[PDB]
Each structure stands twice: as structure tokens, then as C-alpha cells.
Amino acid sequence: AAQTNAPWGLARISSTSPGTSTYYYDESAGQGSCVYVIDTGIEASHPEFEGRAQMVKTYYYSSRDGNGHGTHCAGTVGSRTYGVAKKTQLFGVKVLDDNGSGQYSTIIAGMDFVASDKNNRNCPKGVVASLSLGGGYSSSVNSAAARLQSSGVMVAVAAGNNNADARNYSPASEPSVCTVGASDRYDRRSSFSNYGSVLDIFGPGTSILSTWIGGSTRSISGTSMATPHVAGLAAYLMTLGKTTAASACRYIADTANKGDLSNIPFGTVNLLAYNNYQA
């Protein structure tokens, strides 16, 4: 399939080169995979989700995404227009309040929720979690992400937007999960993107057009926006049977566009997520 005039991120993940505007992808499109978006929640009722999104868990008075960011990231994963995996099931876990903040305990709870909740969900192709969040280092947060991974969820996490070594941020610094850096459309590490040895991949992170709350759309920037590309991409790849949860990161890294990013510090991988679709 070919989505024309797609967000640049989508076109980039289906291309060897920057500067193309068409997303190419196998029409399976993540059908039968699930992605948990562990964030501020999802406006399930956005027409871009076509009934494939729902809230499954909140730790606040409401399941409603009053922030937008979880909705944005859900759209990058699997909205029909802005999504990598246009047929994936999206499950919202609202661990963040509507100001984007959450306690680590609550985040941890959410991660463990997913690890169990997936046994209540029909994801014959596999399950992904997209954690578009991060604070300072915490071994409890790291180990929660690791448990989630160990349970057979492909965990994608934002490197962080500190322009620092991601070693100092959690869950970015958990080795067992996929830590995602952000790139911009001229194939540069996004100025804000964390880096370091713990990064596994880069995805599109600068000026990412996706869904927003109030049935709208907007473009925003962040490694948090890169993460759902990788997550969507794992969902897409699992559906194609190219990989499982426990290998998906390694697979995505093995099939990435290599050496294409500039301003990648020495020691950080020069890998850009690539769907490797050949139409």
C-alpha cells in the first residue's frame, strides 16, 4: 500500500532516503497486534482511530485524555492517517495526569497492568507498549519496563528530550527495552534527543503530525513522538511474522537504515527505523 502525502515520519520509516512524502507498507498493517500506549490516555472517539482505540485503564478520575499527548502518540502508532500500523488495536493506559505528570509508582503500576492486561486481549500477532514518557533514573521504573518486556510485550521507550546521555533517565536506560531517539526530517538527530549507548534506534521525532484531542490534529516534537513510530513499526513487523516481542528491537535495529543520521554522537547507534517494505 501507499499513503500519499503522508506525515514525513511515516514516509521516512518506509524509505532508505529522506525527503519523500509517501508511506509504503504491507496492507496487513498491524492487524491482529495490540499496542498499549502508556501515556495521558486516548481520545478513543477520534475518527482517525476507526473504533480500534479504547481506554483500558486509568489511575485518575477520568480515562479521558485531557492532555492530547497520549492521543497524539496513539495516532502515530495506529491512526488511519498518521499511524504506522493502521489496523492495530490501540489500548490506552493513562498513567499521566492531564498536565503530563505522573508519579513513578503510578507509571510502574501501569506497566505491570499491561503485562497482565494483555492476557485479557486478543493480540495473536503480539503486543507492544509505547511508553512516551520518562523522568530521571529509577531502578524501580527500569525494572518495571524490564518485567513488561520479559512478559512478551515489545516495549518501546523514549530516550528523553534532555540532549543528554539517556543512561540517566528511566525507563530510557533499561537495557532490555527498545530505547528510541528522535530524528528530524533532514535526517539529523533532533537537537533535543537524548543519546548514548543505551539507545537502540532512532525514529522520526521532530514535527510529527498526529491526532490530537477534540477530534483535531497537531504537529509536535519529541523522542516521545519517535517512540510510537517504533512501537507501530514493531506491531507492523510482528503482524507480518518478521519477529516476536522479545526480538523486535533487535530485528528493527538489524533492519534499520544505518549511517544516515548526522549529529549522532560517537558511541550512539546510527540506526533509523525502517520498515523494509518493497512494494
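The record names electron crystallography as the way this model was obtained, at a resolution of 2.00 Å.

To continue, consider the UniProt feature "active site" in the protein chain. UniProt's feature table lists "active site" at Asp39, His69 and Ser224, given in the numbering used throughout. A maximum C-alpha distance of 9.7 Å is found for the annotated residues, which run over 186 residues; spatially they form one tight group. Tracing the chain through its elements places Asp39 in strand β3 (residues 33-39). The contacts of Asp39, once residues within four sequence positions are left out, are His69, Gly70, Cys73, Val93, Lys94, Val95, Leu96 and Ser132. Here the side chain of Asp39 touches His69 through a polar contact of 3.1 Å, side chain to side chain. Inspection of the secondary structure assignment puts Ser224 in helix α5 (residues 223-239).

Take the pairing of strand β12 (residues 208-212) next. Here β12 lies mainly inside the structure; four of its five residues are buried. Examined bridge by bridge, β12 and strand β13 (residues 216-220) share five bridges and lie antiparallel to one another. Directly across from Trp212, in β13, lies its bridge partner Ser216. The hairpin turn running from β12 into β13, its antiparallel successor, is three residues long, and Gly214 in that turn takes a positive phi close to 80 degrees.

Evaluated as defined, the whole model comprises two aromatic pairs. Ring plane angle 25 degrees and centroid distance 4.6 Å describe the contact between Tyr23 and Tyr25, whose orientation is recorded as stacked. The pair formed by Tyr23 and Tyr25 is uniform in burial state, with each residue classed as buried. Measuring from centroid to centroid gives 5.0 Å for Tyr36 and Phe91, while their planes differ by 45 degrees, and the two rings are tilted. Note that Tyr36 is positioned in strand β3 and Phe91 in strand β5 (residues 89-94), a separation of 55 residues in sequence. Taking the ring centre of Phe91 as reference, the NZ or CZ of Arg121 above it sits at 5.0 Å.

Here we take up the UniProt feature "disulfide bond" in the protein chain. Judged by the 2.5 Å criterion, the disulfide between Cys34 and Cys123 that UniProt reports is present, the sulfurs being 2.0 Å apart. Note that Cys34 is positioned in strand β3 and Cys123 in the loop between α3 (104-117) and β6 (126-131), a separation of 89 residues in sequence. A single burial state applies to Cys34 and to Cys123, both of which are buried. The sulfur-sulfur separation between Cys178 and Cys249, a disulfide according to UniProt, is 2.1 Å, below the 2.5 Å limit, so the bridge is formed here. Residue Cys178 is located in strand β10 (residues 178-183), and its partner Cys249 is located in helix α6 (residues 245-254); the two are separated by 71 residues in the primary sequence. Judged on exposure class, the residue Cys178 and its partner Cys249 are both buried.

So, about unusual backbone geometry. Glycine aside, the phi torsion of most residues is negative, and most peptide linkages are trans. Geometrically, the link from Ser170 to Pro171 is a cis peptide bond, its omega value of -5 degrees lying close to zero. Assignment of secondary structure puts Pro171 in the loop between β9 (169-170) and β10. Even without being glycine, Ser207 reaches a positive phi, approximately 70 degrees. Here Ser207 is to be found in the loop between β11 (201-204) and β12. At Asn276, a residue that is not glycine, the phi angle is positive and equals roughly 60 degrees.

This brings us to the side chain of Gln3. Of note, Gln3 is situated in strand β1 (residues 2-3). Look at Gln3 and you get buried, because its relative accessible area is 13%. Looking at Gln3, its side chain comes within polar contact range of the main-chain oxygen of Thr81, at 2.6 Å. Engagement of the side chain of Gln3 in a polar contact is seen with the side chain of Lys86, the distance being 2.6 Å.

Turning our attention to the state of the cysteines. For the structure shown, the criterion picks out two disulfides. Two residues share a disulfide in this structure: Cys178 and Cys249, whose sulfurs sit 2.1 Å from each other. Sign of the S-S torsion, about 70 degrees for the bond between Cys178 and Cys249, identifies this disulfide as right-handed. Taking the relative accessible area as the measure of exposure, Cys178 reaches 1% and is therefore buried. Sequence-ordered numbering of the bonded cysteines in the protein chain yields a pairing of 1-2, 3-4.

Within the largest apolar cluster, 50 residues are counted, with the highest numbers of intra-cluster contacts made by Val35, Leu90, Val128, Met154, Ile201, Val230 and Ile252. Those residues in contact with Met154, other than ones at most four positions away along the chain, are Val127, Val128, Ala129, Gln149, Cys178, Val230, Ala234, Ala245, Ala248, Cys249 and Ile252. If you look at the next biggest cluster of nonpolar residues, it comprises 27 residues, including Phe91, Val141, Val153 and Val157.

What counts, and where the lines are drawn
- Summary of conventions: residues on each chain are numbered from 1 in written sequence order, possibly unlike the entry numbering, and any residue without coordinates is omitted from what is shown.
- Only hydrogens and water are set aside when side-chain values are computed; all heavy atoms of the structure are taken into account.
- UniProt positions are given in the numbering used here, feature names are shortened, and annotations may be inferred rather than shown by experiment.
- Here a strand is any run of E in DSSP of at least two residues, a helix any run of H or I of at least four, and the numbering for each starts at the N terminus.
- Contacts: residue pairs with any heavy atoms within 4.5 Å of one another.
- Polar contact is the term for a pair of N or O atoms within 3.5 Å; when the atoms are in protein, one must be able to donate a hydrogen and the other to accept it, and sequence-neighboring residues count only if both atoms are side-chain atoms.
- Only protein chains enter the accessibility calculation, which uses a 1.4 Å probe; a residue is then buried when its area is under 20% of its type maximum, exposed when over 50%, and partly exposed in between.
- In this description, strands pair whenever DSSP reports at least two bridges between them.
- Working definition: a ring pair exists when centres of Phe, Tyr or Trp rings (six-membered ring for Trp) sit within 6.5 Å. Plane angles under 30 degrees give stacked, over 60 give edge-to-face, the rest tilted.
- Cation placement over rings: the criterion is NZ of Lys or CZ of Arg within 6 Å of the ring centroid and within 35° of the ring normal.
- The disulfide criterion is simple: two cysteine sulfur atoms within 2.5 Å.
- Residues enter a nonpolar core if they are buried and are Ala, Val, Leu, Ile, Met, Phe, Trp, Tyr or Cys, with the set joined through side-chain atoms within 4.5 Å.

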